[PDB]
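Peer 1: My questions all concern the structure below.
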Amino acid sequence: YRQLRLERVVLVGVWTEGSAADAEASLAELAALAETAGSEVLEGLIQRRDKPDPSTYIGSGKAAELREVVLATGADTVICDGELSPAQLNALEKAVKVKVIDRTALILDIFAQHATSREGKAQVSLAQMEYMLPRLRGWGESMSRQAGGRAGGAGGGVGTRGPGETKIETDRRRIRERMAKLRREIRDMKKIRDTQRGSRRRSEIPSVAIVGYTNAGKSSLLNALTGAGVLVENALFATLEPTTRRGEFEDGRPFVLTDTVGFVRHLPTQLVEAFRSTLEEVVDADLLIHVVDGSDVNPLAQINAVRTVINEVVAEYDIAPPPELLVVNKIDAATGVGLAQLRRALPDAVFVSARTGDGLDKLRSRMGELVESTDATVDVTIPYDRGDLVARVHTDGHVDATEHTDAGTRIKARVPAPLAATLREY
Amino acid sequence: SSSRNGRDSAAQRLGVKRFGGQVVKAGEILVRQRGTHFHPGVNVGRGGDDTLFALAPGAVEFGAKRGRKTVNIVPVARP
RNA sequence: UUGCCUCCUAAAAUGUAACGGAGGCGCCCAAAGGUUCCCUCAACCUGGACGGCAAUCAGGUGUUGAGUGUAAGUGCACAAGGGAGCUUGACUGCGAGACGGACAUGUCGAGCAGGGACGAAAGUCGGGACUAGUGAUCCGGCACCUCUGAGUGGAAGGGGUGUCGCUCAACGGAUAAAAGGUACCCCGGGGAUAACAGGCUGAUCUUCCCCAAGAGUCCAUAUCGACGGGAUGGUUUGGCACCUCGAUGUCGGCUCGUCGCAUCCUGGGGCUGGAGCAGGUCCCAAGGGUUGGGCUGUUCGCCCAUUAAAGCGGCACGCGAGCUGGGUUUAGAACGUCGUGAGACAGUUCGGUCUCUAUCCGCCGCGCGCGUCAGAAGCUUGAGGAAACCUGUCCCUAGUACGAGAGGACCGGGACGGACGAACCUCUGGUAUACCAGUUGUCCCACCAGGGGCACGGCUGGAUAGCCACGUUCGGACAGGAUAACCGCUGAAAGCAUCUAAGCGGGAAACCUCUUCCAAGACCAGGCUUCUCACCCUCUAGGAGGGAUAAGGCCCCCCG
RNA sequence: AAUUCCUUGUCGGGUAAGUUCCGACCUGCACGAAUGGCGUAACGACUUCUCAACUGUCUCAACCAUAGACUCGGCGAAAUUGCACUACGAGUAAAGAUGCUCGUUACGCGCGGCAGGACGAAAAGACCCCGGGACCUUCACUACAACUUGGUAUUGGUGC
RNA sequence: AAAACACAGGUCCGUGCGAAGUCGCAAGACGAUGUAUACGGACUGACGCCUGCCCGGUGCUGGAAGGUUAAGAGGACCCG
RNA sequence: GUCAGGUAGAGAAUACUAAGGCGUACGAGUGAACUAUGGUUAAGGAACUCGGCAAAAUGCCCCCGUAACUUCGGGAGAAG
RNA sequence: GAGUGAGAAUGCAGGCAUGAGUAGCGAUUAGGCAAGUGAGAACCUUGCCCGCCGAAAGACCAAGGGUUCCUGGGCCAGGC
RNA sequence: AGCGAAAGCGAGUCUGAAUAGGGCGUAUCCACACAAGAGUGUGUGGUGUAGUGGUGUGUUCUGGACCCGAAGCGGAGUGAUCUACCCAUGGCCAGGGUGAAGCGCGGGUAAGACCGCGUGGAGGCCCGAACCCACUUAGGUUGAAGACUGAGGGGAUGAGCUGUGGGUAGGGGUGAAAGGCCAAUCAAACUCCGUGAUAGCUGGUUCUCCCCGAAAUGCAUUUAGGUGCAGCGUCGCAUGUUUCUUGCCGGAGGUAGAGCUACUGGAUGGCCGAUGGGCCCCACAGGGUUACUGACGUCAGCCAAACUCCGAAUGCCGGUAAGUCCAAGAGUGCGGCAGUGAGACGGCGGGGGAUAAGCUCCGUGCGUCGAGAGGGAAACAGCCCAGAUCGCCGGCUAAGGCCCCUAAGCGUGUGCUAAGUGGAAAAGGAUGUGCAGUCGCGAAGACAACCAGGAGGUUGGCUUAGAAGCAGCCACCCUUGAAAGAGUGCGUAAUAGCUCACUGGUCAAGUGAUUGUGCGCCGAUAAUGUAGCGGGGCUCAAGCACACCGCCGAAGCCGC
């Protein structure tokens with residue numbers, strides 16, 4: 001990918017759904033995304049439009065005022081709060097004579113610049129190749145000044161000229177072959193991703209997947225609960241790959257905490273099909289931890305966006321994760337006084353600051369009931385000579401305290417079914 | 001989409017023309033320069049274009065006054 | 001972009017290109033010129049009413065960092081830098097010498113006279129500190145002339161001196177006066193110059209590798225390997241234009257293949273987060289195979305079924321003197337867009353002649369002559385090649401090992417199969433142009449009956465042979481040896497250890513045999529046997545030239 | 001959409017599969033009402049698809065008769081030709097070698113066939129470019145035709 | 001060989017009669033031995049529902065009160 | 001341009017034939033490959049293919065019956 | 001004093017080579033036999049069979065060609 | 001007899017106020033003098049002035065202008081027998097189907113409308129011959145045919161086809177319009193004529209010998225493949241070392257290099273560090289802690305084509321001395337005559353590029369080819385040696401070679417090589433050897449090995465499911481100093497085992513790490529067939545490094 005000069009940006013949108021408050025929230029979200037990507041928001045405006053214009057996405061008068069304001073502000077970058085077409089952007093650029101992009105372009109740029117591993121780097125690269133695929137003919141610069149780019153001649157018999165297919169068709173063929181190879185690669189690495197956790201889910205153990213829109217967890221909850229410090233940030237879309245740890249109850253059974261990358265509303269429908277890591281992880285997860293901010297202007301918007309994405313993937317993959325418990329964190333920030341408004345209709349709203357915080361005792365005590373569904377529930381009496389009667393009765397996972405007796409000891413705890421099925425004797 | 005440069009000026013033939021220990025006639029253009037990079041010594045005058053030209057026959061020599069390099073024309077002293 | 005000026009590029013004289021790097025000019029000054037004289041800034045401290053830190057004035061500290069009308073460079077503090085008085089040399093006639101120089105241009109000039117200016121009185125001034133601020137020639141304007149005046153006198157007109165008229169800016173300025181289309185195209189040229197391919201480089205691309213931050217429920221290396229770095233191949237996009245424009249026919253498809261392994265399966269190994277089954281990686285391994293269709297010309301790709309697979313690539317993006325022409329890529333036509341329009345689309349849609357008797361090599365067979373040391377024949381070895389090499393399902397082993405269980409083996413055998421190839425016609429089936437039969441029309445055999453010629457053998461139902469596949473039989477091996485990956489034994493160098501340095505070994509569809517075929521033109525021209533093995537004339541005996549000859553072969557003849 | 005580059009727009013039909021096709025939604029790059037807009041019965045050697053039968057188009061090809069081809073006899077050309085008792089691999093070369101270097105292979109001469117090459121034959125490349133043309137277009141220049149206005153001779157006379 | 005052309009049906013423009021248009025330097029001719037229900041030119045192309053707005057620019061038609069404008073009447077001044 | 005027979009045929013098409021005219025001008029063999037023309041083909045019937053290109057199939061006369069649509073004519077020889 | 005020197009201009013005219021004794025010998029009718037002329041016969045003649053056309057490959061005209069029509073002689077040229 | 005434009009003058013004249021500067025002639029020279037020597041002038045007396053007409057040669061002017069070659073322009077005419085349309089007059093369209101108006105009957109409705117009933121045989125009607133076209137397909141595609149045939153195909157009573165005879169004729173015709181056709185050609189026909197059109201373009205240009213011998217550069221160009229001039233070549237005329245090389249001497253440079261406290265810029269870390277913010281008392285009085293920021297300074301260390309306090313080597317200009325001096329066949333000036341004005345590669349400094357390209361543009365008294373043979377390079381223009389007058393059956397040599405091809409050595413000695421490296425190659429790793437130094441131990445037998453050594457409170461640590469030497473943890477001042485540590489790593493979840501920082505008796509030299517000295521390994525890896533020494537072969541060197549001996553080696557030198 002290619003990164004150019006930033007920090008001089010304008011924002012254009014059309015408010016065709018929701019209310020003025022929602023349009024403003026979308027504008028603010030775009031502003032925050034641009035800020036994180038490394039831009040300085042100068043002016044962002046929304047037009048009350050039923051549907052975007054098929055020429056400039058804004059309209060003639062809107063484009064005029066945008067030209068005026070951008071010329072006065074000395075910026076050269078425009079950002080549309082949506083998914084514009086090559087036709088839209090061609091006019092939107094011819095009207096201003098400065099670079100133009102949209103929110104999906106911004107998100108692909110930030111993903112590309114935040115990518116950590118070759119895996120995600122290739123995923124994001126494929127996303128941007130497939131977004132730029134339509135602009136072969138749509139690339140007016142590629143298909144302009146091209147008089148005589150090929151052999152515009154014919155004849156009966158010997159021609160000797162070998163553009164047997166239109167130059168544009170050859171370009172389409174080559175880019176299609178490149179994209180096919182990349183798709184084959186991203187499908188191939190499915191097996192690599194699988195074998196990486198192959199050991200996991202073989203020895204069945206509860207898996208709690210931490211889900212949340214972007215800027216919700218940013219691995220902060222992971223670092224706070226498990227105790228393992230990983231890349232945690234207040235910026236957006238910082239955790240680019242998942243990570244599991246050992247955190248659990250006092251019980252020896254591990255509760256593998258599955259990290260999840262953020263999910264921004266209104267995805268560009270290019271990563272939801274490429275970045276399969278988190279999707280597969282939530283598919284195979286046993287419990288779900290839904291992260292929410294208690295000081296946001298509309299937490300319910302993100303809540304339902306996440307719920308919708310989850311339901312879509314669930315119906316797509318033929319699964320059903322019943323356990324779905326939410327948690328309204330970011331209350332220690334004290335930046336939201338709608339705490340009563342949230343609590344009057346949303347239980348399990350424990351409080352943790354944006355980056356730090358505590359008070360997850362109630363969280364854990366309420367979450368355990370949904371994962372501590374073991375079937376052991378077997379007691380036994382070990383005889384005088386314990387000897388080797390310590391292997392899986394004490395040196396195991398979910399092992400509990402018990403009483404003591406002269407004839408060895410009455411172990412009133414629970415022994416795992418697969419580990420110790422019948423080895424014990426009452 | 002081009003280059004903004006590509007043109008210069010015909011290089012005027014600057015540079016000292018007659019060197020030390022060289023017989024010179026009266027009026028010969030000793031040195032052509034732009035700044036007074038060679039102040040006019042004795043029997044040598046500075047023209048309009050800051051150039052050095054002899055005034056009397058003889059041979060050219062290069063000398064230095066206080067913080068300046070100049071040219072002089074020593075006579076011939078014919079036998 | 002086209003002229004001119006400045007620096008670098010530019011390689012310490014000059015000069016020096018690039019569609020190389022940064023900029024300026026097509027001026028402004030009647031004072032910003034000439035001369036006489038005077039003075040020295042930029043910055044800093046001590047004081048403020050502003051006056052900011054900083055507007056003015058003093059003391060200084062301060063030696064060129066300010067400023068030089070205009071870009072930059074060269075110079076200027078001795079001043080070209082700042083201030084002031086007078087003045088107009090911002091002259092006339094010239095001007096030895098010159099620099100630069102294709103030519104035309106351009107630039108400097110001591111010094112003489114006239115009449116000046118400034119200075120005390122020598123002295124300086126023929127514009128601007130220099131380098132750009134401009135345009136030749138022709139043809140005409142304007143003023144002066146002590147030039148000429150088509151017989152004379154004049155006058156007109158001509159001549160000269162001074163000077164004016166061009167973004168002639170494509171700026172050495174072909175006209176005083178000039179824009180486009182050609183896919184209707186034509187002609188002379190070019191591989192000096194493109195599209196296709198070939199060639200060079202490998203930016204781009206493909207396959208990796210190099211230390212490893214982190215991921216991988218702990219753990220960097222079981223598996224990924226970020227940031228960065230080093231390469232291989234030249235199959236993509238590419239860059240150069242080196243052969244080809246007195247033609248190298250261009251994509252896909254079809255036929256045919258040959259080759260590399262960077263291996264899709266099949267075959268051998270190590271690690272695995274390999275309990276078993278399942279699998280995942282990396283090493284060796286190119287012998288064989290690697291499906292059939294819908295879509296679109298499509299290569300690709302998606303989808304439906306399978307199987308082990310439906311591998312990637314080169315060979316002019318293999319193959320058009322082998323084929324089709326789907327669209328590419330002519331002439332027709334229309335839609336949307338651009339052009340006022342001819343026309344264009346680097347958009348879409350319909351339709352649009354695909355030539356050639358194989359000379360040489362090349363390849364598949366076929367022969368004739370000669371050779372393999374008397375002339376022949378029979379049977380063969382085999383130097384060397386060629387052909388082929390695929391594999392699935394199920395039963396037992398064994399519900400056995402393993403695994404609490406779910407599930408479920410390895411190695412072994414046994415049967416049946418998919419594709420491919422060879423052979424054959426006994427079976428099935430196809431074909432059958434003199435077979436048999438039924439039959440339509442017509443004409444003929446005098447005529448009825450019975451027959452024949454023609455009509456695709458007239459048509460129709462059969463049809464032996466031959467040929468053939470849809471049919472039948474068979475092959476893919478078992479076995480030996482040396483190895484690749486890998487696995488071990490004795491063992492010092494290095495009293496130990498070590499798969500290695502000397503050795504011994506196991507080790508795969510790879511390799512050589514084993515299978516089939518060709519094969520002594522295998523010039524090392526082969527081996528074992530059998531057949532007549534004998535004779536005459538000429539040059540003048542030295543080897544030859546003829547003669548009929550032996551076995552045998554051939555010719556012709558009946559033939560397959 | 002003969003109009004849509006994105007684009008195989010999205011949904012529903014057709015097949016097991018539909019970048020072609022039909023019905024819809026419409027975000028019409030770049031529909032549009034006499035350069036006519038939307039339908040339209042019949043018609044079309046126009047284009048696109050779908051269905052029944054049909055069949056060697058195909059799985060997958062086989063056999064048979066003719067003109068051929070081939071043998072024989074007769075008559076008897078041509079396009080092409082610098083040459084010749086014209087091999088292959090690796091190369092090197094004007095970068096693709098029968099003709100050059102190293103090696104491998106090959107008895108002399110033909111017959112029938114296959115078409116990889118001899119950058120094979122034919123057409124001094126229609127393509128691209130340079131120069132010359134040609135034809136056509138126009139708010140390129142300069143002219144003319146044609147049309148158009150006035151003066152002027154034909155053309156003269158009485159009044160205000 | 002077609003979707004292109006033509007086509008019957010439409011609309012507009014011009015033509016008042018040796019009409020316009022066309023051939024022709026001209027004569028003359030076709031137009032037409034016709035006469036606006038005709039002829040010529042332009043576009044569209046049976047038939048049904050219809051052709052929405054705009055005369056800004058260029059064309060076409062027609063104009064009065066004005067401005068520019070060649071040829072000729074003109075005969076001041078100057079000069080030879 | 002004029003004659004236009006006989007049979008079946010609706011027919012000047014088609015098949016064979018009347019009179020008439022020709023075997024027309026390189027031939028003889030030969031089951032090579034392969035090409036043109038035909039012919040035939042098991043089982044499936046377009047799976048080849050760009051595309052049913054070609055090839056194949058119905059085809060004639062008489063009876064019934066004949067759709068949406070339609071300008072009321074047609075579609076239509078529908079189809080069966 | 002020269003029309004003064006060829007090896008080339010895809011040069012020009014004449015004669016010749018290889019390709020080569022190869023292709024080809026001009027359709028969807030087809031010939032055969034006996035005899036004869038002849039020295040020489042597949043193609044000539046006669047006889048006898050078979051086949052082809054028979055809204056013609058028959059018959060008669062126009063234009064077109066112009067002596068080809070027939071009799072008698074010839075086979076150097078032409079009939080592939 | 002020349003000067004100016006001219007009048008006009010005259011060896012002077014023009015410019016000119018100028019008897020003063022210049023331009024032009026007084027052919028040219030000799031001697032004399034006078035000022036000067038600023039480049040010499042002025043004069044005086046003598047020599048005195050060479051052009052023109054034929055003629056050849058070489059060029060150039062106008063004519064065709066060395067020859068061939070277009071497309072096309074214009075004048076005059078020929079074409080409508082093909083084809084387009086039209087006009088006059090004839091002809092043709094087999095056969096089978098459909099039923100419109102029209103006409104009379106009835107039901108019908110006051111009456112109409114309509115419904116049928118029979119005749120009717122039209123319609124740019126239907127099927128389909130002749131006929132006219134050419135939609136598909138196969139053939140043909142040096143054909144039978146310069147446009148056809150076999151099969152199918154459309155119309156086939158009309159806008160029909162066709163005969164006969166006429167008209168429309170080239171900037172014109174005609175055109176159901178396709179840039180169609182107009183006699184096999186039509187984006188402007190055909191034949192003659194201008195005409196031998198023109199070509200900045202292609203091709204060709206014929207006998208010999210001798211001498212000399214280029215450039216592909218600069219400038220300008222409606223110019224970039226052309227052309228003028230310049231340079232370079234050649235012949236003549238004159239100068240005759242003035243050329244060139246070397247030495248010495250006098251010179252300016254600002255490049256390479258180098259520096260930044262010497263200017264301008266970028267920037268590596270420290271020192272005091274105000275200047276501002278925090279909090280500061282929230283008073284703006286008022287005191288500074290200050291991870292903040294701390295200028296300018298300062299310590300050290302850098303970098304730059306458009307920075308230079310400095311600054312070379314070459315190069316260059318000049319003076320001088322020699323050298324070559326039977327010749328470099330030098331330089332300079334003037335003519336006769338061109339080509340040249342597409343360069344390429346190699347070394348060097350560069351630009352563009354990715355500091356890639358056999359890439360492109362540059363400078364290089366640098367080279368070669370170009371224009372150049374010979375030997376080495378495998379063949380190979382740009383590489384190395386070397387510039388071919390000819391012959392020789394002579395020799396010595398350069399580069400390169402010396403096992404066979406292939407001429408010369410399987411040379412002599414000292415070492416390395418294990419990889420066939422040699423006889424491709426990177427980042428990286430690495431107990432190979434060749435060889436330098438160096439470490440505490442240390443010929444006490446060092447060290448290894450055999451060795452008695454198996455929980456010290458040793459189940460502590462954080463803790464109690466045990467923390468069971470021992471999951472792991474932050475410490476080992478721990479010894480009759482024996483060779484063991486709250487025992488760490490091999491293992492035990494728990495014991496249990498034994499190594500590890502470590503050992504007495506056996507008593508027999510190594511033990512780590514550098515230079516890695518040069519050589520080695522891999523890394524290493526495309527497709528027709530060894531294919532990365534020419535091959536065979538080579539380590540019993542025929543490989544590598546160093547010494548010495550020789551020999552072959554060309555068209556070079558020498559000998560005749």
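A note on labels: chains of the structure tokens are A, B, ... as shown, every chain counts residues from 1, and ligands are counted from 1 in their shown order.
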With a cut-off of 10 Å and counting only C-alpha atoms (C1' of nucleotides), select all residues of chain H in contact with chain A and give the selection as a PDB file with N, CA and C atoms (P, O5', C5', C4', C3', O3' and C1' of nucleotides), in the first residue's frame.
Peer 2:
```
ATOM      1  P     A H 465      -3.584 -25.858  50.684  1.00  0.00           P
ATOM      2  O5'   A H 465      -3.586 -27.241  49.897  1.00  0.00           O
ATOM      3  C5'   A H 465      -4.800 -27.813  49.437  1.00  0.00           C
ATOM      4  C4'   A H 465      -4.702 -29.315  49.350  1.00  0.00           C
ATOM      5  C3'   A H 465      -3.329 -29.901  49.639  1.00  0.00           C
ATOM      6  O3'   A H 465      -3.095 -30.062  51.026  1.00  0.00           O
ATOM      7  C1'   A H 465      -4.208 -30.860  47.658  1.00  0.00           C
ATOM      8  P     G H 466      -1.787 -29.426  51.705  1.00  0.00           P
ATOM      9  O5'   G H 466      -0.633 -30.456  51.341  1.00  0.00           O
ATOM     10  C5'   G H 466       0.715 -30.182  51.682  1.00  0.00           C
ATOM     11  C4'   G H 466       1.645 -31.207  51.088  1.00  0.00           C
ATOM     12  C3'   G H 466       3.008 -30.688  50.655  1.00  0.00           C
ATOM     13  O3'   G H 466       3.926 -30.584  51.730  1.00  0.00           O
ATOM     14  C1'   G H 466       2.074 -31.974  48.915  1.00  0.00           C
ATOM     15  P     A H 493       5.976 -37.771  38.503  1.00  0.00           P
ATOM     16  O5'   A H 493       5.892 -36.576  37.450  1.00  0.00           O
ATOM     17  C5'   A H 493       6.511 -35.320  37.699  1.00  0.00           C
ATOM     18  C4'   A H 493       5.535 -34.311  38.252  1.00  0.00           C
ATOM     19  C3'   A H 493       5.599 -34.084  39.756  1.00  0.00           C
ATOM     20  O3'   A H 493       6.631 -33.204  40.163  1.00  0.00           O
ATOM     21  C1'   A H 493       3.368 -34.466  39.148  1.00  0.00           C
ATOM     22  P     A H 494       6.978 -33.028  41.725  1.00  0.00           P
ATOM     23  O5'   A H 494       6.757 -34.475  42.356  1.00  0.00           O
ATOM     24  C5'   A H 494       5.477 -34.907  42.799  1.00  0.00           C
ATOM     25  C4'   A H 494       5.582 -35.791  44.012  1.00  0.00           C
ATOM     26  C3'   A H 494       6.903 -36.519  44.181  1.00  0.00           C
ATOM     27  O3'   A H 494       7.915 -35.705  44.744  1.00  0.00           O
ATOM     28  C1'   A H 494       5.136 -38.049  44.473  1.00  0.00           C
ATOM     29  P     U H 495       9.456 -36.139  44.624  1.00  0.00           P
ATOM     30  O5'   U H 495       9.707 -37.004  45.934  1.00  0.00           O
ATOM     31  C5'   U H 495      10.840 -37.848  46.038  1.00  0.00           C
ATOM     32  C4'   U H 495      10.471 -39.189  46.613  1.00  0.00           C
ATOM     33  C3'   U H 495      11.544 -40.258  46.510  1.00  0.00           C
ATOM     34  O3'   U H 495      12.525 -40.160  47.527  1.00  0.00           O
ATOM     35  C1'   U H 495       9.502 -41.141  45.740  1.00  0.00           C
TER      36        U H 495
END
```
Peer 1: Using only C-alpha atoms (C1' of nucleotides), find the residues of chain D whose closest atom to chain A is at most 6 Å away, then write them as a list in words.
Peer 2: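 For chain D, the answer reads residues 5, 6, 29 and 127 of chain D.
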Peer 1: Pull the alpha helix (DSSP H) assignments for stretch 59-223 of chain A out of DSSP run on the backbone, and list those residues as a count of residues only.
Peer 2: 85
Peer 1: Skip residue B:60 itself and residues of its chain fewer than 3 positions away, then list as a PyMOL selection string all residues within 8 Å of it, counting only C-alpha atoms (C1' of nucleotides).
Peer 2: chain B and resi 18-24+71-74
Peer 1: What would the file look like if the residues just selected were written as an mmCIF file, in the first residue's frame with N, CA, C and O atoms?
Peer 2:
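This went into again23.cif:
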```cif
data_model
loop_
_atom_site.group_PDB
_atom_site.id
_atom_site.type_symbol
_atom_site.label_atom_id
_atom_site.label_comp_id
_atom_site.auth_asym_id
_atom_site.auth_seq_id
_atom_site.Cartn_x
_atom_site.Cartn_y
_atom_site.Cartn_z
ATOM 1 N N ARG B 18 45.347 35.788 -20.459
ATOM 2 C CA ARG B 18 46.799 35.852 -20.554
ATOM 3 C C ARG B 18 47.382 35.555 -19.181
ATOM 4 O O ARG B 18 46.937 36.121 -18.180
ATOM 5 N N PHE B 19 48.366 34.670 -19.136
ATOM 6 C CA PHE B 19 48.915 34.193 -17.878
ATOM 7 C C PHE B 19 50.293 34.791 -17.637
ATOM 8 O O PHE B 19 50.913 35.384 -18.522
ATOM 9 N N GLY B 20 50.774 34.613 -16.412
ATOM 10 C CA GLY B 20 52.041 35.180 -16.001
ATOM 11 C C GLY B 20 53.154 34.912 -16.989
ATOM 12 O O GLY B 20 53.126 33.912 -17.709
ATOM 13 N N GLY B 21 54.133 35.805 -17.041
ATOM 14 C CA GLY B 21 55.242 35.630 -17.952
ATOM 15 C C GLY B 21 54.778 35.526 -19.386
ATOM 16 O O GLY B 21 55.222 34.644 -20.124
ATOM 17 N N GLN B 22 53.877 36.414 -19.791
ATOM 18 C CA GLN B 22 53.361 36.403 -21.153
ATOM 19 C C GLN B 22 53.386 37.818 -21.698
ATOM 20 O O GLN B 22 52.831 38.729 -21.078
ATOM 21 N N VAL B 23 54.025 38.002 -22.854
ATOM 22 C CA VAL B 23 54.052 39.319 -23.470
ATOM 23 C C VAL B 23 52.647 39.683 -23.913
ATOM 24 O O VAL B 23 51.897 38.847 -24.431
ATOM 25 N N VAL B 24 52.280 40.938 -23.698
ATOM 26 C CA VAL B 24 50.929 41.413 -23.954
ATOM 27 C C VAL B 24 51.012 42.773 -24.629
ATOM 28 O O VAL B 24 51.883 43.587 -24.306
ATOM 29 N N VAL B 71 46.757 42.358 -11.197
ATOM 30 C CA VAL B 71 47.628 42.069 -12.325
ATOM 31 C C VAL B 71 48.430 43.316 -12.658
ATOM 32 O O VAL B 71 47.951 44.445 -12.522
ATOM 33 N N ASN B 72 49.667 43.102 -13.088
ATOM 34 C CA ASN B 72 50.579 44.175 -13.436
ATOM 35 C C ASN B 72 51.195 43.876 -14.791
ATOM 36 O O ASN B 72 51.244 42.723 -15.222
ATOM 37 N N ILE B 73 51.651 44.923 -15.469
ATOM 38 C CA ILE B 73 52.305 44.793 -16.764
ATOM 39 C C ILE B 73 53.688 45.404 -16.646
ATOM 40 O O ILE B 73 53.839 46.631 -16.673
ATOM 41 N N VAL B 74 54.695 44.552 -16.538
ATOM 42 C CA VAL B 74 56.068 45.013 -16.403
ATOM 43 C C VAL B 74 56.600 45.316 -17.797
ATOM 44 O O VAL B 74 56.283 44.592 -18.751
#
```
Peer 1: Please list as a ChimeraX atom specification every residue within 10 Å of residue H:126, counting only C-alpha atoms (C1' of nucleotides) and excluding residues in the same chain fewer than 6 positions away.
Peer 2: /F:77 /H:97-98
Peer 1: Give me the residues near stretch 82-90 of chain H as a list in words, where near means some atom within 8 Å (using only C-alpha atoms (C1' of nucleotides)) and where sequence neighbours in that chain fewer than 3 positions away do not count.
Peer 2: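 In the requested form, the answer reads residues 163, 164, 166, 167, 174, 175, 181, 182 and 183 of chain H.
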Peer 1: Counting only C-alpha atoms (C1' of nucleotides), what is within 10 Å of stretch 1-11 of chain G, bar same-chain residues fewer than 6 positions away, as a ChimeraX atom specification?
Peer 2: /C:246 /D:124 /H:67-69,203-207
Peer 1: Kindly export the residues of the current selection with C-alpha atoms (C1' of nucleotides), as a PDB file, in the first residue's frame.
Peer 2:
```pdb
ATOM      1  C1'   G C 246      11.446  -5.670 -50.248  1.00  0.00           C
TER       2        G C 246
ATOM      3  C1'   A D 124       9.238  -3.033 -51.666  1.00  0.00           C
TER       4        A D 124
ATOM      5  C1'   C H  67      20.325   6.325 -64.121  1.00  0.00           C
ATOM      6  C1'   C H  68      15.418   3.782 -62.409  1.00  0.00           C
ATOM      7  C1'   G H  69      11.331   4.362 -59.463  1.00  0.00           C
ATOM      8  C1'   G H 203      17.877   0.853 -55.418  1.00  0.00           C
ATOM      9  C1'   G H 204      21.775   0.844 -59.126  1.00  0.00           C
ATOM     10  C1'   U H 205      26.334   3.306 -61.092  1.00  0.00           C
ATOM     11  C1'   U H 206      30.726  -1.267 -64.898  1.00  0.00           C
ATOM     12  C1'   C H 207      38.706  -1.776 -65.775  1.00  0.00           C
TER      13        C H 207
END
```
Peer 1: What does the structure give for the distance between atom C1' of residue C:184 and atom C1' of residue H:187, in Å to one decimal?
Peer 2: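 One can read the atom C1' of residue C:184 to atom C1' of residue H:187 distance as 5.9 Å.
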Peer 1: With a distance cut-off of 9 Å and only C-alpha atoms (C1' of nucleotides), select the neighbouring residues of residue D:112, excluding the residue or stretch itself and same-chain residues fewer than 2 positions from it, and output the selection as a PyMOL selection string.
Peer 2: (chain C and resi 365-366) or (chain D and resi 70) or (chain F and resi 33)
Peer 1: Would you save the residues of that selection, restricted to C-alpha atoms (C1' of nucleotides), as a PDB file, in the first residue's frame?
Peer 2:
```
ATOM      1  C1'   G C 365       7.695 -46.737 -42.726  1.00  0.00           C
ATOM      2  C1'   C C 366       9.298 -48.656 -47.353  1.00  0.00           C
TER       3        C C 366
ATOM      4  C1'   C D  70      -0.238 -44.575 -55.570  1.00  0.00           C
TER       5        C D  70
ATOM      6  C1'   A F  33      -2.209 -43.269 -45.840  1.00  0.00           C
TER       7        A F  33
END
```
